[PDB]
């Protein structure tokens, strides 16, 4: 059996204030965790995650099959050709257990210039009827902005950790244009649990989602208190303990590109567990045209042999590749 991964709990509350020394001591902890397993829990983050979990459970448990087709992304409903990212991702009973609802920046409205131009990766969110889900759309849009504020503070900590000014990433992470997404994922309890919805790793571990790196700058994740994640380290796959009070943070592959793999995007996977639970990631994406020049914090001159890559190019190519590698969610 499997060793516990080192995933420290880091009090991120100084990243919201003006005590610069204290912010540097948090940045050192972020640097250490990014160089070790690649994961940490952010604690003292200020978000009401119990209420997030309760509002998400009331949505998942009350939405009906009719509403799921009406919200479905194009992979499930050919009539919704504009919904590639945002909307409902249906389960397939007997075959695929997980189901989810994704939404994007609430400022992507019909009049937004990138929506008018039909720019890839930008979509107008879709929502269930307000009378059937009272308060849900308002709650979820407010949650987007709560977790955007936490993510901006975390990006200040990452910037300081890499030897940069605290706005080095945050200046590209803006309310009018971020490509960040929230996904409200339901993993169900099922009796019996269909074998077709269970994958098997080469080491024999039963999985709900195979190994991958995230397509993100960073990922800011709330999960229920049911252990399920594992991280590949030099000593093999190790279990990430659950903590339903903190946010689990890790880097995505855009951070690995920008830092020339100094902060790796850690490879991780989701064990199969027959439990009713929630996985609620926020993928911190930049704007479509955002380009950060790659650098290397292990080299004296900081220079890297990597080409600049716009975030829009990164994101479009990565979302397709992850579907190809690990299946349509």
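Take the two forms, superpose them, and find the largest set of C-alpha atoms that agree within 1.5 Å; that set is the rigid core. Residue numbers count along the first chain shown, from 1.
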item	value
Stretch with larger C-alpha RMS deviation in 9 other deposited structures of this protein, core superposed, 130-138 versus 233-241	233-241
Segment of greater CA departure in 9 other deposited structures of this protein, 33-41 or 300-308, core superposed	300-308
Higher-scoring stretch by recorded Cα B factor average, 151-159 or 164-172	164-172
Mean C-alpha B-factor comparison - 18-26 and 313-321, higher one	313-321
Of the residues 31, 276, 289, 58, the one carrying the largest Cα B-factor as recorded	289
Of the residues 85, 186, 212, 199, the one carrying the largest Cα B-factor as recorded	199
Entry-reported Cα temperature factor of residue 113, expressed as the chain third it lands in	middle
Ranked C-alpha temperature factor of residue 248 among modelled chain residues, by third	lowest
For residue 298, the third of its chain into which the C-alpha B factor falls	highest
Third of the chain, ranked by Cα B-factor, where residue 93 sits	highest
Assigned third (lowest, middle, highest) for the C-alpha B factor of residue 239	middle
